[PDB]
$ cat model14.pdb   # PDB, C-alpha atoms (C1' of nucleotides)
MODEL        1
ATOM      1  CA  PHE A 153     142.648  70.351  96.923  1.00  0.00           C
ATOM      2  CA  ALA A 154     140.737  73.174  98.623  1.00  0.00           C
ATOM      3  CA  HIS A 155     141.061  70.998 101.744  1.00  0.00           C
ATOM      4  CA  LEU A 156     144.590  69.758 101.034  1.00  0.00           C
ATOM      5  CA  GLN A 157     147.005  71.820 103.134  1.00  0.00           C
ATOM      6  CA  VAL A 158     150.730  71.572 102.359  1.00  0.00           C
ATOM      7  CA  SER A 159     153.404  73.620 104.133  1.00  0.00           C
ATOM      8  CA  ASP A 160     156.843  74.980 103.269  1.00  0.00           C
ATOM      9  CA  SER A 161     160.136  73.135 103.579  1.00  0.00           C
ATOM     10  CA  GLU A 162     162.215  73.284 106.752  1.00  0.00           C
ATOM     11  CA  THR A 163     165.879  74.212 107.260  1.00  0.00           C
ATOM     12  CA  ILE A 164     168.195  73.094 104.440  1.00  0.00           C
ATOM     13  CA  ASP A 165     171.972  73.219 104.804  1.00  0.00           C
ATOM     14  CA  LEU A 166     173.735  75.519 102.348  1.00  0.00           C
ATOM     15  CA  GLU A 167     176.430  72.870 101.791  1.00  0.00           C
ATOM     16  CA  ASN A 168     173.906  70.636  99.968  1.00  0.00           C
ATOM     17  CA  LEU A 169     173.789  72.754  96.787  1.00  0.00           C
ATOM     18  CA  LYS A 170     175.467  72.113  93.443  1.00  0.00           C
ATOM     19  CA  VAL A 171     175.470  73.279  89.823  1.00  0.00           C
ATOM     20  CA  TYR A 172     174.471  70.815  87.099  1.00  0.00           C
ATOM     21  CA  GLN A 173     174.134  70.938  83.317  1.00  0.00           C
ATOM     22  CA  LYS A 174     171.184  69.547  81.377  1.00  0.00           C
ATOM     23  CA  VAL A 175     171.816  66.221  79.629  1.00  0.00           C
ATOM     24  CA  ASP A 176     169.805  64.678  76.792  1.00  0.00           C
ATOM     25  CA  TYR A 177     168.640  61.226  75.689  1.00  0.00           C
ATOM     26  CA  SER A 178     168.019  61.539  71.921  1.00  0.00           C
ATOM     27  CA  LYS A 179     170.544  59.091  70.420  1.00  0.00           C
ATOM     28  CA  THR A 180     173.250  60.621  72.652  1.00  0.00           C
ATOM     29  CA  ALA A 181     173.853  62.863  75.666  1.00  0.00           C
ATOM     30  CA  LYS A 182     174.251  66.374  74.262  1.00  0.00           C
ATOM     31  CA  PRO A 183     175.393  69.060  76.732  1.00  0.00           C
ATOM     32  CA  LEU A 184     173.254  72.186  76.895  1.00  0.00           C
ATOM     33  CA  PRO A 185     174.216  75.788  77.725  1.00  0.00           C
ATOM     34  CA  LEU A 186     171.645  75.920  80.546  1.00  0.00           C
ATOM     35  CA  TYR A 187     173.329  75.471  83.934  1.00  0.00           C
ATOM     36  CA  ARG A 188     171.205  75.530  87.083  1.00  0.00           C
ATOM     37  CA  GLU A 189     171.711  75.338  90.838  1.00  0.00           C
ATOM     38  CA  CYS A 190     170.470  72.066  92.318  1.00  0.00           C
ATOM     39  CA  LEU A 191     170.437  70.279  95.639  1.00  0.00           C
ATOM     40  CA  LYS A 192     172.800  67.321  95.611  1.00  0.00           C
ATOM     41  CA  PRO A 193     171.371  63.795  95.936  1.00  0.00           C
ATOM     42  CA  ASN A 194     170.899  62.218  99.369  1.00  0.00           C
ATOM     43  CA  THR A 195     169.520  65.297 101.134  1.00  0.00           C
ATOM     44  CA  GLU A 196     166.755  65.088 103.730  1.00  0.00           C
ATOM     45  CA  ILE A 197     163.842  67.526 103.438  1.00  0.00           C
ATOM     46  CA  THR A 198     161.032  68.021 105.963  1.00  0.00           C
ATOM     47  CA  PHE A 199     157.459  68.967 105.040  1.00  0.00           C
ATOM     48  CA  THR A 200     153.994  68.928 106.639  1.00  0.00           C
ATOM     49  CA  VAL A 201     150.782  68.116 104.750  1.00  0.00           C
ATOM     50  CA  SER A 202     147.230  68.028 106.105  1.00  0.00           C
TER
ATOM     51  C1'   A B   1      86.761 173.991 124.354  1.00  0.00           C
ATOM     52  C1'   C B   2      85.941 165.885 121.843  1.00  0.00           C
ATOM     53  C1'   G B   3      83.264 161.087 129.151  1.00  0.00           C
ATOM     54  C1'   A B   4      87.777 163.790 128.396  1.00  0.00           C
ATOM     55  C1'   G B   5      93.526 164.725 130.205  1.00  0.00           C
ATOM     56  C1'   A B   6      98.003 162.224 131.709  1.00  0.00           C
ATOM     57  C1'   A B   7      99.558 156.340 131.749  1.00  0.00           C
ATOM     58  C1'   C B   8     105.328 151.284 127.855  1.00  0.00           C
ATOM     59  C1'   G B   9     100.926 145.173 129.638  1.00  0.00           C
ATOM     60  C1'   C B  10     105.826 146.182 131.787  1.00  0.00           C
ATOM     61  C1'   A B  11     109.580 143.741 135.498  1.00  0.00           C
ATOM     62  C1'   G B  12     113.020 138.725 137.045  1.00  0.00           C
ATOM     63  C1'   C B  13     113.407 133.426 134.121  1.00  0.00           C
ATOM     64  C1'   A B  14     119.690 129.336 130.111  1.00  0.00           C
ATOM     65  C1'   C B  15     114.716 124.816 126.100  1.00  0.00           C
ATOM     66  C1'   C B  16     117.638 122.840 129.815  1.00  0.00           C
ATOM     67  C1'   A B  17     119.278 117.688 132.737  1.00  0.00           C
ATOM     68  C1'   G B  18     120.800 111.975 131.866  1.00  0.00           C
ATOM     69  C1'   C B  19     122.367 108.891 127.492  1.00  0.00           C
ATOM     70  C1'   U B  20     129.369 105.266 123.780  1.00  0.00           C
ATOM     71  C1'   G B  21     126.755 105.581 116.796  1.00  0.00           C
ATOM     72  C1'   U B  22     127.218 100.989 119.202  1.00  0.00           C
ATOM     73  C1'   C B  23     126.918  94.930 118.531  1.00  0.00           C
ATOM     74  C1'   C B  24     128.229  90.318 115.389  1.00  0.00           C
ATOM     75  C1'   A B  25     131.989  89.219 110.786  1.00  0.00           C
ATOM     76  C1'   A B  26     139.687  85.778 108.611  1.00  0.00           C
ATOM     77  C1'   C B  27     140.449  89.992 102.482  1.00  0.00           C
ATOM     78  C1'   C B  28     139.273  85.010 101.701  1.00  0.00           C
ATOM     79  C1'   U B  29     139.229  80.724  97.535  1.00  0.00           C
ATOM     80  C1'   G B  30     142.245  77.362  93.074  1.00  0.00           C
ATOM     81  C1'   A B  31     147.257  78.023  91.119  1.00  0.00           C
ATOM     82  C1'   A B  32     154.492  73.014  90.371  1.00  0.00           C
ATOM     83  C1'   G B  33     159.206  79.341  88.530  1.00  0.00           C
ATOM     84  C1'   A B  34     157.959  75.758  84.674  1.00  0.00           C
ATOM     85  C1'   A B  35     158.591  73.234  80.353  1.00  0.00           C
ATOM     86  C1'   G B  36     161.405  71.555  73.131  1.00  0.00           C
ATOM     87  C1'   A B  37     164.910  67.437  71.396  1.00  0.00           C
TER
ENDMDL
END
$ encode --input "model14.pdb" --output "structure tokens"
Amino acid sequence: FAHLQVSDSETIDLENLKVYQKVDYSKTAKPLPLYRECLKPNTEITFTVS
RNA sequence: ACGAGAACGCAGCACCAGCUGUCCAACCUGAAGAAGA
């Protein structure tokens, strides 16, 4: 990884953001108080790795 | 009633002229703002 060379992401539209709540899997889907800002699905992101 | 008396070893003269404290050298290497149930 000392020779792996990854870059930062490119321009991302502000419209592609959303707020989601954590969901569980233990015997049910229990809502959680933690809400976080997330990019919506189906969003293109550009990188550059060498 | 002295081989003695008198007599500045003194006068003018820049330790001064030329000369980069310079040349070469990444503040660099590795690291998920992330996870219970």
$ axis_aligned_box --input "model14.pdb" --around "segment 21-25 of chain B" --padding-each-side "4 Å" --output "JSON"
{"center_x": 129.4, "center_y": 97.4, "center_z": 115.0, "size_x": 13.2, "size_y": 24.4, "size_z": 16.4}
$ resolve_selection --input "model14.pdb" --expression "the PyMOL selection byres ((chain B) within 8 of (chain A))" --output "list in words"
residues 29, 30 and 37 of chain B
$ resolve_selection --input "model14.pdb" --expression "the PyMOL selection byres ((chain A and resi 188-197) around 9)" --output "list in words"
residues 161, 162, 163, 164, 167, 168, 169, 170, 171, 172, 173, 174, 186, 187, 198 and 199 of chain A
$ atom_distance --input "model14.pdb" --atom1 "atom CA of residue 184 of chain A" --atom2 "atom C1' of residue 33 of chain B"
19.6 Å
$ atom_distance --input "model14.pdb" --atom1 "atom CA of residue 155 of chain A" --atom2 "atom CA of residue 201 of chain A"
10.6 Å
$ atom_distance --input "model14.pdb" --atom1 "atom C1' of residue 25 of chain B" --atom2 "atom CA of residue 157 of chain A"
24.2 Å
$ decode --input "model14.pdb" --residues "segment 158-192 of chain A" --atoms "N, CA and C atoms" --output "PDB file, in the first residue's frame"
ATOM      1  N   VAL A 158      -4.402   6.263  -4.153  1.00  0.00           N
ATOM      2  CA  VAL A 158      -5.804   6.591  -4.386  1.00  0.00           C
ATOM      3  C   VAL A 158      -5.980   8.094  -4.236  1.00  0.00           C
ATOM      4  N   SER A 159      -6.963   8.641  -4.943  1.00  0.00           N
ATOM      5  CA  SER A 159      -7.248  10.068  -4.946  1.00  0.00           C
ATOM      6  C   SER A 159      -8.577  10.342  -4.247  1.00  0.00           C
ATOM      7  N   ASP A 160      -8.973  11.611  -4.255  1.00  0.00           N
ATOM      8  CA  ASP A 160     -10.238  12.036  -3.678  1.00  0.00           C
ATOM      9  C   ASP A 160     -11.359  11.924  -4.706  1.00  0.00           C
ATOM     10  N   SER A 161     -12.593  11.991  -4.216  1.00  0.00           N
ATOM     11  CA  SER A 161     -13.751  11.953  -5.092  1.00  0.00           C
ATOM     12  C   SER A 161     -13.893  13.267  -5.856  1.00  0.00           C
ATOM     13  N   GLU A 162     -14.625  13.201  -6.962  1.00  0.00           N
ATOM     14  CA  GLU A 162     -14.863  14.359  -7.810  1.00  0.00           C
ATOM     15  C   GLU A 162     -16.166  15.046  -7.397  1.00  0.00           C
ATOM     16  N   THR A 163     -16.666  15.934  -8.257  1.00  0.00           N
ATOM     17  CA  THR A 163     -17.857  16.717  -7.944  1.00  0.00           C
ATOM     18  C   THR A 163     -19.065  15.816  -7.706  1.00  0.00           C
ATOM     19  N   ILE A 164     -19.783  16.075  -6.615  1.00  0.00           N
ATOM     20  CA  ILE A 164     -21.009  15.362  -6.272  1.00  0.00           C
ATOM     21  C   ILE A 164     -22.125  16.383  -6.113  1.00  0.00           C
ATOM     22  N   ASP A 165     -23.245  16.143  -6.790  1.00  0.00           N
ATOM     23  CA  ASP A 165     -24.378  17.055  -6.715  1.00  0.00           C
ATOM     24  C   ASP A 165     -24.970  17.064  -5.310  1.00  0.00           C
ATOM     25  N   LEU A 166     -25.339  18.259  -4.841  1.00  0.00           N
ATOM     26  CA  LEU A 166     -25.927  18.384  -3.511  1.00  0.00           C
ATOM     27  C   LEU A 166     -27.298  17.725  -3.433  1.00  0.00           C
ATOM     28  N   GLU A 167     -27.994  17.607  -4.565  1.00  0.00           N
ATOM     29  CA  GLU A 167     -29.331  17.026  -4.586  1.00  0.00           C
ATOM     30  C   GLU A 167     -29.339  15.539  -4.260  1.00  0.00           C
ATOM     31  N   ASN A 168     -28.181  14.875  -4.289  1.00  0.00           N
ATOM     32  CA  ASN A 168     -28.092  13.434  -4.090  1.00  0.00           C
ATOM     33  C   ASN A 168     -27.828  13.052  -2.640  1.00  0.00           C
ATOM     34  N   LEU A 169     -28.295  13.851  -1.686  1.00  0.00           N
ATOM     35  CA  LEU A 169     -28.132  13.568  -0.269  1.00  0.00           C
ATOM     36  C   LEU A 169     -29.484  13.270   0.363  1.00  0.00           C
ATOM     37  N   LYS A 170     -29.459  12.482   1.436  1.00  0.00           N
ATOM     38  CA  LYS A 170     -30.680  12.104   2.133  1.00  0.00           C
ATOM     39  C   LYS A 170     -30.330  11.725   3.564  1.00  0.00           C
ATOM     40  N   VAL A 171     -31.358  11.663   4.405  1.00  0.00           N
ATOM     41  CA  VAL A 171     -31.215  11.317   5.815  1.00  0.00           C
ATOM     42  C   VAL A 171     -31.905   9.981   6.052  1.00  0.00           C
ATOM     43  N   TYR A 172     -31.168   9.029   6.621  1.00  0.00           N
ATOM     44  CA  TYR A 172     -31.672   7.688   6.870  1.00  0.00           C
ATOM     45  C   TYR A 172     -31.502   7.336   8.341  1.00  0.00           C
ATOM     46  N   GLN A 173     -32.311   6.384   8.796  1.00  0.00           N
ATOM     47  CA  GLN A 173     -32.238   5.866  10.155  1.00  0.00           C
ATOM     48  C   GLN A 173     -31.735   4.429  10.132  1.00  0.00           C
ATOM     49  N   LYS A 174     -30.901   4.086  11.110  1.00  0.00           N
ATOM     50  CA  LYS A 174     -30.386   2.729  11.218  1.00  0.00           C
ATOM     51  C   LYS A 174     -31.519   1.733  11.436  1.00  0.00           C
ATOM     52  N   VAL A 175     -31.397   0.570  10.801  1.00  0.00           N
ATOM     53  CA  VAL A 175     -32.369  -0.510  10.904  1.00  0.00           C
ATOM     54  C   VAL A 175     -31.613  -1.782  11.268  1.00  0.00           C
ATOM     55  N   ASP A 176     -32.275  -2.664  12.011  1.00  0.00           N
ATOM     56  CA  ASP A 176     -31.646  -3.839  12.596  1.00  0.00           C
ATOM     57  C   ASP A 176     -32.049  -5.104  11.840  1.00  0.00           C
ATOM     58  N   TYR A 177     -31.531  -6.239  12.317  1.00  0.00           N
ATOM     59  CA  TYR A 177     -31.849  -7.548  11.764  1.00  0.00           C
ATOM     60  C   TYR A 177     -32.138  -8.606  12.823  1.00  0.00           C
ATOM     61  N   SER A 178     -31.891  -8.327  14.103  1.00  0.00           N
ATOM     62  CA  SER A 178     -32.093  -9.319  15.153  1.00  0.00           C
ATOM     63  C   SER A 178     -33.573  -9.554  15.424  1.00  0.00           C
ATOM     64  N   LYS A 179     -34.148 -10.558  14.756  1.00  0.00           N
ATOM     65  CA  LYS A 179     -35.510 -11.030  14.994  1.00  0.00           C
ATOM     66  C   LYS A 179     -36.563 -10.004  14.588  1.00  0.00           C
ATOM     67  N   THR A 180     -36.130  -8.816  14.175  1.00  0.00           N
ATOM     68  CA  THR A 180     -37.024  -7.735  13.770  1.00  0.00           C
ATOM     69  C   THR A 180     -36.168  -6.594  13.235  1.00  0.00           C
ATOM     70  N   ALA A 181     -36.839  -5.531  12.803  1.00  0.00           N
ATOM     71  CA  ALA A 181     -36.195  -4.294  12.373  1.00  0.00           C
ATOM     72  C   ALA A 181     -36.538  -3.222  13.400  1.00  0.00           C
ATOM     73  N   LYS A 182     -35.637  -3.003  14.356  1.00  0.00           N
ATOM     74  CA  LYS A 182     -35.873  -2.015  15.399  1.00  0.00           C
ATOM     75  C   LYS A 182     -35.302  -0.668  14.973  1.00  0.00           C
ATOM     76  N   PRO A 183     -36.101   0.396  14.941  1.00  0.00           N
ATOM     77  CA  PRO A 183     -35.545   1.723  14.670  1.00  0.00           C
ATOM     78  C   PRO A 183     -34.570   2.142  15.760  1.00  0.00           C
ATOM     79  N   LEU A 184     -33.616   2.984  15.380  1.00  0.00           N
ATOM     80  CA  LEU A 184     -32.609   3.484  16.300  1.00  0.00           C
ATOM     81  C   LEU A 184     -32.601   5.004  16.286  1.00  0.00           C
ATOM     82  N   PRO A 185     -32.249   5.635  17.411  1.00  0.00           N
ATOM     83  CA  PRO A 185     -32.241   7.107  17.454  1.00  0.00           C
ATOM     84  C   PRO A 185     -31.218   7.744  16.530  1.00  0.00           C
ATOM     85  N   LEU A 186     -30.202   7.006  16.089  1.00  0.00           N
ATOM     86  CA  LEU A 186     -29.143   7.582  15.271  1.00  0.00           C
ATOM     87  C   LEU A 186     -29.651   7.814  13.854  1.00  0.00           C
ATOM     88  N   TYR A 187     -29.690   9.079  13.442  1.00  0.00           N
ATOM     89  CA  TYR A 187     -30.014   9.464  12.075  1.00  0.00           C
ATOM     90  C   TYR A 187     -28.783  10.107  11.457  1.00  0.00           C
ATOM     91  N   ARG A 188     -28.474   9.734  10.220  1.00  0.00           N
ATOM     92  CA  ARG A 188     -27.272  10.205   9.554  1.00  0.00           C
ATOM     93  C   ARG A 188     -27.591  10.626   8.126  1.00  0.00           C
ATOM     94  N   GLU A 189     -26.763  11.530   7.610  1.00  0.00           N
ATOM     95  CA  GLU A 189     -26.889  12.023   6.246  1.00  0.00           C
ATOM     96  C   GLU A 189     -26.167  11.081   5.292  1.00  0.00           C
ATOM     97  N   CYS A 190     -26.870  10.639   4.254  1.00  0.00           N
ATOM     98  CA  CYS A 190     -26.343   9.652   3.326  1.00  0.00           C
ATOM     99  C   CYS A 190     -26.637  10.065   1.894  1.00  0.00           C
ATOM    100  N   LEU A 191     -25.742   9.679   0.991  1.00  0.00           N
ATOM    101  CA  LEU A 191     -26.034   9.792  -0.429  1.00  0.00           C
ATOM    102  C   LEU A 191     -27.088   8.767  -0.824  1.00  0.00           C
ATOM    103  N   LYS A 192     -28.046   9.202  -1.635  1.00  0.00           N
ATOM    104  CA  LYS A 192     -29.095   8.313  -2.098  1.00  0.00           C
ATOM    105  C   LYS A 192     -28.508   7.253  -3.028  1.00  0.00           C
TER     106      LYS A 192
END
